[PDB]
Amino acid sequence: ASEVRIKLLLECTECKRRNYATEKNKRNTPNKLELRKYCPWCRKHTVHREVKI
Amino acid sequence: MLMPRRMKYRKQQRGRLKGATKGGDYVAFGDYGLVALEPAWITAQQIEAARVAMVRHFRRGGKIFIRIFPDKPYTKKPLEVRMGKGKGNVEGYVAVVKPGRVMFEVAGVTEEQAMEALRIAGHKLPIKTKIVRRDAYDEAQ
Amino acid sequence: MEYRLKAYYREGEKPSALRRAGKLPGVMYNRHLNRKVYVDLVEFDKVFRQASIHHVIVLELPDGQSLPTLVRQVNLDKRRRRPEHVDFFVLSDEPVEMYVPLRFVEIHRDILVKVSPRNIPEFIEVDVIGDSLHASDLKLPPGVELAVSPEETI
Amino acid sequence: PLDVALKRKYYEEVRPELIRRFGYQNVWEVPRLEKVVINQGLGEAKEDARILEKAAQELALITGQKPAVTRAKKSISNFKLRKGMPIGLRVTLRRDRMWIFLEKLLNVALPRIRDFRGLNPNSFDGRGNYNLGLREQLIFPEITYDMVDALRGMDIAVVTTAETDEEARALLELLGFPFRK
Amino acid sequence: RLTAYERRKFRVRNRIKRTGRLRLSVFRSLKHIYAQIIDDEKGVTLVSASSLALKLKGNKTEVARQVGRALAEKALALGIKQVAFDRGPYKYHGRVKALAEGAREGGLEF
Amino acid sequence: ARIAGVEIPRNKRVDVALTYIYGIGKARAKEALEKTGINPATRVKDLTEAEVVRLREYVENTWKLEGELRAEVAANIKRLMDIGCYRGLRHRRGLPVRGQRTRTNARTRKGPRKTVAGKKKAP
Amino acid sequence: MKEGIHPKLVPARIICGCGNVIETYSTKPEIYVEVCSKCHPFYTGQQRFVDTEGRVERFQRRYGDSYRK
RNA sequence: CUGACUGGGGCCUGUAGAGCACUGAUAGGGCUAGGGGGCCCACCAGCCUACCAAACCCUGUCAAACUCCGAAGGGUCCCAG
RNA sequence: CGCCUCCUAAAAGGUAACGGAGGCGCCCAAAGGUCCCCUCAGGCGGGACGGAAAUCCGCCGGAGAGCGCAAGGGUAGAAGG
RNA sequence: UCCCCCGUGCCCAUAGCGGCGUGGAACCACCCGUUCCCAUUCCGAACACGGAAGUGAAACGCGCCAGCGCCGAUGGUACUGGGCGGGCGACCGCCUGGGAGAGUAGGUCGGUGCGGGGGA
RNA sequence: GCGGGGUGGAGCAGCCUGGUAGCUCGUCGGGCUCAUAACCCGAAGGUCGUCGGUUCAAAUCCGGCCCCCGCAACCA
Ligand SMILES: [K+]
Ligand SMILES: [Mg+2]
Ligand SMILES: [Mg+2]
Ligand SMILES: [Mg+2]
Ligand SMILES: [Mg+2]
Ligand SMILES: [Mg+2]
Ligand SMILES: [Mg+2]
Ligand SMILES: [Mg+2]
Ligand SMILES: [Mg+2]
Ligand SMILES: [Mg+2]
Ligand SMILES: [Mg+2]
Ligand SMILES: [Mg+2]
Ligand SMILES: [Mg+2]
Ligand SMILES: [Mg+2]
Ligand SMILES: [Mg+2]
Ligand SMILES: [Mg+2]
Ligand SMILES: [Mg+2]
Ligand SMILES: [Mg+2]
Ligand SMILES: [Mg+2]
Ligand SMILES: [Mg+2]
Ligand SMILES: [Mg+2]
Ligand SMILES: [Mg+2]
Ligand SMILES: [Mg+2]
Ligand SMILES: [Mg+2]
Ligand SMILES: [Mg+2]
Ligand SMILES: [Mg+2]
Ligand SMILES: [Mg+2]
Ligand SMILES: [Mg+2]
Ligand SMILES: [Mg+2]
Ligand SMILES: [Mg+2]
Ligand SMILES: [Mg+2]
Ligand SMILES: [Mg+2]
Ligand SMILES: [Mg+2]
Ligand SMILES: [Mg+2]
Ligand SMILES: [Mg+2]
Ligand SMILES: [Mg+2]
Ligand SMILES: [Mg+2]
Ligand SMILES: [Mg+2]
Ligand SMILES: [Mg+2]
Ligand SMILES: [Mg+2]
Ligand SMILES: [Mg+2]
Ligand SMILES: [Mg+2]
Ligand SMILES: [Mg+2]
Ligand SMILES: [Mg+2]
Ligand SMILES: [Mg+2]
Ligand SMILES: [Mg+2]
Ligand SMILES: [Mg+2]
Ligand SMILES: [Mg+2]
Ligand SMILES: [Mg+2]
Ligand SMILES: [Mg+2]
Ligand SMILES: [Mg+2]
Ligand SMILES: [Mg+2]
Ligand SMILES: [Mg+2]
Ligand SMILES: [Mg+2]
Ligand SMILES: [Mg+2]
Ligand SMILES: [Mg+2]
Ligand SMILES: [Mg+2]
Ligand SMILES: [Mg+2]
Ligand SMILES: [Mg+2]
Ligand SMILES: [Mg+2]
Ligand SMILES: [Mg+2]
Ligand SMILES: [Mg+2]
Ligand SMILES: [Mg+2]
Ligand SMILES: [Mg+2]
Ligand SMILES: [Mg+2]
Ligand SMILES: [Mg+2]
Ligand SMILES: [Mg+2]
Ligand SMILES: [Mg+2]
Ligand SMILES: [Mg+2]
Ligand SMILES: [Mg+2]
Ligand SMILES: [Mg+2]
Ligand SMILES: [Mg+2]
Ligand SMILES: [Mg+2]
Ligand SMILES: [Mg+2]
Ligand SMILES: [Mg+2]
Ligand SMILES: [Mg+2]
Ligand SMILES: [Mg+2]
Ligand SMILES: [Mg+2]
Ligand SMILES: [Mg+2]
Ligand SMILES: [Mg+2]
Ligand SMILES: [Mg+2]
Ligand SMILES: [Mg+2]
Ligand SMILES: [Mg+2]
Ligand SMILES: [Mg+2]
Ligand SMILES: [Mg+2]
Ligand SMILES: [Mg+2]
Ligand SMILES: [Mg+2]
Ligand SMILES: [Mg+2]
Ligand SMILES: [Mg+2]
Ligand SMILES: [Mg+2]
Ligand SMILES: [Mg+2]
Ligand SMILES: [Mg+2]
Ligand SMILES: [Mg+2]
Ligand SMILES: [Mg+2]
Ligand SMILES: [Mg+2]
Ligand SMILES: [Mg+2]
Ligand SMILES: [Mg+2]
Ligand SMILES: [Mg+2]
Ligand SMILES: [Mg+2]
Ligand SMILES: [Mg+2]
Ligand SMILES: [Mg+2]
Ligand SMILES: [Mg+2]
Ligand SMILES: [Mg+2]
Ligand SMILES: [Mg+2]
Ligand SMILES: [Zn+2]
Ligand SMILES: [Zn+2]
């Protein structure tokens, strides 16, 4: 990890919980990561968004 | 003076000198040869001394084949140093030479010129030698 | 060519025992047979120093046979510079590759030639430092085929 | 398909004469036209601009067939060339689109070559294929010096089923290729 | 030297042959289409069908579907339900697809 | 490319447009138009494709032009250099050929001045 | 062919200044070129436009013999 | 009763030795892209190598970090003592 | 001074010295998943600008290319595009 | 049961390269077309579909040829488990069991399982 | 044993952070001067000590070799 390659949480956009931590390069990938992931609280797949770790 | 123009590695581990020569045990270029009887590391300086010897006897005539080559780097720690701190620096090159190897061959020369020149060359070497003559045994290889 | 040399049979004698008994272990083979033989070392030496792998050696086997062989392999003891074993290739009417000496009217002493055993010649002649010749432009007496690539330098 | 002058000429004039000149036993042994592959080696379009668009648009008009981009295999500093840049437009012409372009190429294009003294007889392949380089694309009737913006030639590979050169030189000459020497 | 054809054939057959199912293998010629359910653990073929044998004719696609039903018919008869469909070097499409749609139609499970 | 292989500039008169062909000066322009009944003053843009082919036909059939003319110029100089003619020695070293002096000038034929150091005065 | 990406080849009449008509197909309905294969001097076998010279230089530097025989 | 060790059987390995097929080294010779060398020429060519220059060929070799090969042994499992 | 690769290491594994050599402290939003298709390096021949090397064509080419970066192993019947 | 072909395995080149010969009834291919399905970073080349006039030219199948490639003994040796000696050493030798690699002789222009189409 | 340096003719930048060789003087050409210096207008000259590697690309990054300055060598 580095200052350009940052750690980040993914937050289920429905129940607002963070369920995954991953990394990205914010120079290559400025936009906030949106990825469908399984949310264990909603117990269903949900579009998760990148929020600050 | 003979040495590999290029090497994948600078230093090699010390050899073992077991066994008769692997190859180059038969005359196959010239008329007479000088064969090693005991194993040794032969230095580039020895080979060169043995070469100029045969030359200045042939008074630049005949031909001289050097059928060993000093590829093995020879390492030596600086004087008066203590053990350790890694391998010494390369200080010269040796050809591993085992009994039965044909080190030199001579041709284009009288039987007396070859016998005599190979004999002088044997004196520049740290081992006992034999002067041999190309046979059909050689020719059958 | 040609030369006559005694040969005997062997089956379970140690090669070391035979060499310690002044004889030279060997084998005698072609497409049709294969026999453990031994020649006498001092006897063989004068035969072979003239009859190299060039000239026919005929093995008077003790059972009356006289098989016509060529010397095909001579494994030498690298230490003592001594024959250690011999291959006697028995000739028969079928063709054979072999080295035939070259005389010149000088890189190569001899040449590999695809011959018939009746067509086995003693000589192949050349003609006239440093200009040199190749195998293509060469004689080839009756019944011999150039058993190299003619691109070889003589 | 559809009938065109060069095509019907190939079967009528060229194929019989070929059997005469060489004696093919099978009817497929006699040479054929495989394809005509056209290559503009642009490079000039490496990064400066996307001139490939007007160069494709004219390669499309000359041939009736849109070309595909060819990107850089490896990177080359001396060519100011990063691996994967678009450096050429290549378009493979086959069947009727091949005869229709060759027909115009022989009839108008090569004549319109300034100081045209004949197609180089030595550009044959050793394999029965022929390639020829052009330096102006306005040699082609679908190209007017008004519509153009920068001189761009091309490579023309006409490929044949002829195993040898002489077979393919006979096929190409009999079809109407003006050879110099 | 392999062609893209035999590379394609190996690349789908190796994948298929790993799953351990009977391989409903489909050969398609310019005229006929062939099929043989194959046990690769024995190197042995269990049921086959083809345009050439059934002597069927007409639309290649319509014919492909028929051998598909014809192969499935004999298949169920010998106790075979599950099956791995080998398209070999062909795209799953058209005739090969038609033969597949019919093998399912006859009850081959794949 | 129209005549000869040159697109002579439109919007200009037809007697100057032809001068832009290598091989046609003002005098040869005057000829062809008279020998073809085209108005030597009408603009190229306003020439019928019969006037075009009438002028074109005469132009590249009367005299040798653009590329071809330069062949006979080059091959002539070539023959001058080939035989060892003094003008060939001149065309070799790229100097004047028509008796001009070279101590000064000749700059057209020799090109930009390759300035060198000079002799030094004493101190 | 792919759709919507190619110019439509249509029956085309290519005209050369030597009144020559050629009937091929093109992206243009009618094209008027100024030279074709039917009238190019290389194509017309041996139309030697201006240069029949050969050479006549420079042994036809004759005219005349006016040095006395 | 499974133990050390031992018998048979299977598998696993890349050392000794050897080899030069790969990576390198490497002697002499043939043939030969880039020239040096150079009677010449640069008008456009050339031309000749008792010299270095890959590649290929032939002869002959070297290697812990090379292997087309490859033991004896070693290990492990099973059965038996 | 921790980690990775190779050698040393004596053909299982492991094996030391201030022994011989290298590299890591990252990266990738695809350089990930799957389905589909494709197969290199290089050699020779041909081809406008165009060259030893851009792009195009033919033939030869089992893998010597490629697989982000060390090395080793592995690999086109793909892990490469 | 035997020959031919088609398909699919197994051995993993004794199966490959090259040269040649041969095959179209059948089967396979090329082929005939591009309406349709589907397809080209362009191309009906490929992929795909509909066909059945032609050709075995290509490919493929089957043969022959040992130039290459590949395989490859026997014999001898190297080395070595174990047991012993020798040499100041470098190193060497003996007994017993094991035993290469290279090279020689020689081999090889495949062998075969299963299903299908045809043939006798 | 440790450290620094090698690049137009001289003395120094550029290296760190890969693509672009820069500054002063000198050298050369031209002016001003009766002439010279100074001064003013222009121009040329460096493949970066060398070899090898990484790289599309090396003055620049990594290794050896040459060369040149500097430091250190204590307890005994
Ligand atoms: K003290
Ligand atoms: Mg990421
Ligand atoms: Mg919970
Ligand atoms: Mg965040
Ligand atoms: Mg040691
Ligand atoms: Mg060794
Ligand atoms: Mg040997
Ligand atoms: Mg010593
Ligand atoms: Mg030492
Ligand atoms: Mg020192
Ligand atoms: Mg040390
Ligand atoms: Mg040391
Ligand atoms: Mg030796
Ligand atoms: Mg001595
Ligand atoms: Mg003696
Ligand atoms: Mg004796
Ligand atoms: Mg002897
Ligand atoms: Mg032999
Ligand atoms: Mg015919
Ligand atoms: Mg069309
Ligand atoms: Mg030619
Ligand atoms: Mg035009
Ligand atoms: Mg062809
Ligand atoms: Mg069908
Ligand atoms: Mg039906
Ligand atoms: Mg299949
Ligand atoms: Mg003019
Ligand atoms: Mg003058
Ligand atoms: Mg007179
Ligand atoms: Mg018990
Ligand atoms: Mg036990
Ligand atoms: Mg051992
Ligand atoms: Mg060894
Ligand atoms: Mg090697
Ligand atoms: Mg070795
Ligand atoms: Mg080893
Ligand atoms: Mg083997
Ligand atoms: Mg061990
Ligand atoms: Mg044990
Ligand atoms: Mg054991
Ligand atoms: Mg065991
Ligand atoms: Mg027990
Ligand atoms: Mg610790
Ligand atoms: Mg650590
Ligand atoms: Mg180990
Ligand atoms: Mg290891
Ligand atoms: Mg363990
Ligand atoms: Mg300890
Ligand atoms: Mg995305
Ligand atoms: Mg990746
Ligand atoms: Mg990947
Ligand atoms: Mg994907
Ligand atoms: Mg080329
Ligand atoms: Mg090129
Ligand atoms: Mg690789
Ligand atoms: Mg790296
Ligand atoms: Mg039956
Ligand atoms: Mg088959
Ligand atoms: Mg036939
Ligand atoms: Mg055939
Ligand atoms: Mg047929
Ligand atoms: Mg027929
Ligand atoms: Mg349509
Ligand atoms: Mg055929
Ligand atoms: Mg057979
Ligand atoms: Mg053979
Ligand atoms: Mg052959
Ligand atoms: Mg083998
Ligand atoms: Mg062998
Ligand atoms: Mg043996
Ligand atoms: Mg021994
Ligand atoms: Mg022993
Ligand atoms: Mg033991
Ligand atoms: Mg022992
Ligand atoms: Mg002792
Ligand atoms: Mg001693
Ligand atoms: Mg011994
Ligand atoms: Mg011993
Ligand atoms: Mg034994
Ligand atoms: Mg023993
Ligand atoms: Mg063996
Ligand atoms: Mg033998
Ligand atoms: Mg043989
Ligand atoms: Mg045979
Ligand atoms: Mg074979
Ligand atoms: Mg089979
Ligand atoms: Mg089986
Ligand atoms: Mg059968
Ligand atoms: Mg039947
Ligand atoms: Mg049957
Ligand atoms: Mg300097
Ligand atoms: Mg300085
Ligand atoms: Mg400064
Ligand atoms: Mg800095
Ligand atoms: Mg920088
Ligand atoms: Mg500067
Ligand atoms: Mg001045
Ligand atoms: Mg005065
Ligand atoms: Mg002054
Ligand atoms: Mg560099
Ligand atoms: Mg730079
Ligand atoms: Mg470099
Ligand atoms: Mg350095
Ligand atoms: Mg103190
Ligand atoms: Zn949620
Ligand atoms: Zn015309």
Side-chain angles (χ1 to χ4, degrees), chain A residues 2 5 24-25 28-29 33, chain B residues 4 6-9 11-13 17-19 22-24 28-29 38-40 65-67 69 71 84-87, chain C residues 15 25-27 29-31 34 36 72-73 75 84-85 87 89 130 152-153, chain D residues 26-29 35 37 39 41-43 65-70 72 74 76-77 79 81 83 87-88 90-94 123-127 129 131-135 153-155 157 159, chain E residues 1-2 4 7 10-11 14 25 27 29-30 34 36 38 40 43-45 48 50 52-53 60 91 93-94, chain F residues 81-82 88 92 115 117-118 123, chain G residues 2:
Chain A
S2 59
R5 170 143 224 105
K24 89 180 173 177
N25 173 302
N28 299 332
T29 309
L33 295 184
Chain B
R6 166 179 167 102
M7 315 218 48
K8 194 147 78 178
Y9 304 104
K11 337 229 186 182
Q12 280 179 161
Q13 290 150 353
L17 291 196
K18 292 177 273 50
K22 191 156 157 264
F29 287 129
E38 19 202 45
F65 309 102
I66 295 116
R67 303 196 56 213
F69 191 93
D71 60 329
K85 276 63 184 177
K87 193 167 179 74
Chain C
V27 69
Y29 54 76
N30 70 1
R31 325 165 69 262
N34 188 291
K36 265 179 295 177
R72 184 44 67 96
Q73 191 173 288
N75 299 335
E84 194 185 52
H85 188 257
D87 283 26
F89 189 18
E152 193 143 338
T153 112
Chain D
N26 193 293
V27 302
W28 297 91
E29 280 174 5
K35 53 173 187 186
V37 177
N39 175 65
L42 277 322
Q65 183 160 327
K66 182 194 89 74
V69 166
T70 58
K74 74 179 185 173
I76 299 116
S77 190
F79 302 168
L81 205 255
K83 163 178 196 76
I87 39 177
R90 172 266 348 248
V91 46
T92 312
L93 287 179
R94 299 192 219 257
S123 299
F124 284 88
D125 221 9
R127 289 301 198 157
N129 311 292
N131 320 262
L132 57 140
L134 316 173
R135 79 188 173 271
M154 68 206 75
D155 296 326
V159 184
Chain E
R1 169 49 109 187
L2 296 198
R7 271 190 287 260
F10 279 136
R11 181 173 31 87
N14 295 330
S25 183
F27 173 57
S29 57
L30 292 183
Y34 305 67
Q36 48 179 319
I38 293 192
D40 295 284
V44 138
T45 309
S48 24
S50 48
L52 187 61
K60 300 182 183 177
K91 174 186 179 208
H93 181 60
Chain F
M81 287 175 302
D82 295 331
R92 277 167 194 170
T115 308
Chain G
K2 283 204 181 192

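Here is the naming used below: chain letters follow the sequence lines, and residue numbers restart at 1 for every chain. Computed over heavy atoms, backbone and side chain alike; hydrogens, waters and symmetry mates excluded.
- One atom, NE2 of E/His93, and another, P of I/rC35, lie 20 Å apart when rounded to the nearest Å.
- Stacking check, J/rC109 with J/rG110: criteria not both met, so the pair falls outside the 5.5 Å centre and 30° angle limits.
- Across all strands shown, I/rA12 remains unpaired; no Watson-Crick or G-U wobble contact has both distances below 3.5 Å.
- Residue-to-nucleotide contacts include no donor-acceptor pair under 3.5 Å from the side chain of C/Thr153 to the base of H/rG29.
- Going from atom CZ of C/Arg31 over to atom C1' of J/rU108 covers 14 Å, rounded to whole Å.
- Remark: the bases of K/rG26 and K/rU20 do not meet in a Watson-Crick or G-U wobble pair with both edge contacts under 3.5 Å.
- For the pair D/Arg90 CZ and J/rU41 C1', the interatomic distance rounds to 9 Å; values are reported in whole Å.
- With both atom-pair distances required to fall under 3.5 Å, no Watson-Crick or G-U wobble pair links H/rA55 to H/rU76.
- Judged by distance alone, with hydrogens and angles left aside, D/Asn129 brings no side-chain donor or acceptor close enough to the base of I/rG58 to form a pair under 3.5 Å.
- Stacking of the aromatic ring of C/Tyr29 onto the base of J/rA105 is not found under the criterion of centres within 5.5 Å and planes under 30°.
- Distance from the side chain of E/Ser50 is smallest to J/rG116 among J/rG116, J/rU104, J/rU40.
- Pairing for I/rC59 is with I/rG43, a Watson-Crick or G-U wobble pair whose two hydrogen-bonding atom distances lie under 3.5 Å.
- The partner of I/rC24 is I/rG2, judged by Watson-Crick or G-U wobble contacts that both fall below 3.5 Å.
- A 3.5 Å limit on both hydrogen-bonding distances identifies no Watson-Crick or G-U partner for J/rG103.
- Here the side chain of B/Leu17 is nearest to one of J/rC91, K/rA57, H/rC43, namely J/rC91.
- Across J/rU55, I/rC18, H/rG24, the shortest atom-to-atom separation from the side chain of D/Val27 is found for J/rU55.
- In this structure, H/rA50 makes no Watson-Crick or G-U wobble pair, since no nucleotide meets both defining distances under 3.5 angstrom.
- Residues E/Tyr34 and E/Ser48 are not in side-chain contact: their nearest non-hydrogen atoms beyond the backbone lie 4.5 Å or more apart.
- Taking ring-centre separation below 5.5 Å and interplanar angle below 30 degrees as the test, the adjacent bases I/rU39 and I/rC40 do not pass.
- Here J/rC68 is matched with J/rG16 as a Watson-Crick or G-U wobble partner, both contacts being under 3.5 Å.
- Across all strands shown, J/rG110 forms a Watson-Crick or G-U wobble pair, both distances under 3.5 Å, with J/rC11.
- Checked by distance alone, E/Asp40 brings no side-chain donor or acceptor within 3.5 Å of a matching partner on the base of J/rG9.
- Expressed to the nearest 0.5 Å, how far NZ of B/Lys87 lies from CD of B/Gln13 amounts to 7.0 Å.
- When rounded to the nearest whole Å, the span between CD of C/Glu84 and P of J/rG76 equals 10 Å.
- Pairing check for H/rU67 against H/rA18: the two satisfy the Watson-Crick or G-U wobble geometry, each of the two atom distances being under 3.5 Å.
- Inter-residue side-chain proximity for D/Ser123 and D/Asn131 is flagged as unmet; no heavy-atom pair is nearer than 4.5 Å.
- The distance from atom CG of D/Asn39 to atom P of I/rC49 is 12 Å, rounded to the nearest whole Å.
- With both atom-pair distances required to fall under 3.5 Å, a Watson-Crick or G-U wobble pair links J/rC38 to J/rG44.
- With its glycosidic angle more than 90° from 0, K/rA72 is assigned anti.
- Across all strands shown, J/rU22 pairs with J/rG61; the Watson-Crick or G-U wobble distances both stay below 3.5 Å.
- Applying the 90° criterion around 0 to the glycosidic angle, I/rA30 comes out syn.
- Base orientation at I/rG62 is syn, since its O4'-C1' glycosidic dihedral falls within 90° of 0.
- A donor-acceptor contact under 3.5 Å links the side chain of E/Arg1 to the base of I/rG61.
- Taking atom NZ of G/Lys2 as the reference point, atom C1' of J/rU34 lies 18 Å away to the nearest angstrom.
- OP1 or OP2 of I/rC38 has at least one side-chain nitrogen or oxygen of E/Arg11 nearer than 4.0 Å.
- Partner assigned to J/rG54 is J/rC30, using Watson-Crick or G-U wobble distances below 3.5 angstrom.
- Judged by atom type and distance alone, B/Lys11 does not reach the base of I/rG19 through any side-chain donor-acceptor pair under 3.5 Å.
- Using a 4.5 Å heavy-atom cutoff, the side chains of E/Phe10 and E/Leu2 are in contact.
- In this structure, H/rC69 forms a base pair with H/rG17, meeting the Watson-Crick or G-U wobble definition at 3.5 Å.
- Each of J/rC6, J/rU41, J/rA48 was ranked by its minimum atom distance to the side chain of E/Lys91; first place goes to J/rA48.
- Judged by distance alone, with hydrogens and angles left aside, B/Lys22 brings no side-chain donor or acceptor close enough to the base of H/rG17 to form a pair under 3.5 Å.
- Per the geometry, CE belonging to D/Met154 stands 12 Å off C1' belonging to I/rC56, to the nearest Å.
- Not one side-chain nitrogen or oxygen of E/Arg7 sits closer than 4.0 Å to the OP1 or OP2 atom of I/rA76.
- Atom CZ in D/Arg90 sits 12.5 Å away from atom CG in D/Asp155 (nearest 0.5 Å).
- Nearest to the side-chain atoms of B/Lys8 among the listed nucleotides J/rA45, I/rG58, H/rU23 stands H/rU23.
- A stacking contact links B/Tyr9 to H/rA65: the aromatic ring centre lies within less than 5.5 Å of the base's six-membered ring centre, and the planes differ by less than 30°.
- Comparing atom distances between the B/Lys18 side chain and each of J/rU41, J/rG51, H/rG17 picks out H/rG17 as nearest.
- In terms of polar N and O atoms assigned as donor or acceptor, the side chain of C/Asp87 never comes within less than 3.5 Å of the base of J/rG76 in a complementary pairing.
- In this structure, CZ in E/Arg7 is found 5.0 Å from CZ in E/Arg1, a value given to the nearest 0.5 Å.
- Using a 4.5 Å heavy-atom threshold, the side chains of C/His85 and C/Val27 count as touching.
- The side-chain ring of D/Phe79 is stacked on the base of I/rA54, judged by centre separation under 5.5 angstrom and plane angle under 30 degrees.
- As rounded to whole Å, 12 Å separates atom P of H/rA27 from atom CZ of B/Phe29.
- No Watson-Crick or G-U wobble pair joins J/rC114 and J/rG81 with the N1-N3 or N1-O2 distance and the second distance both under 3.5 Å.
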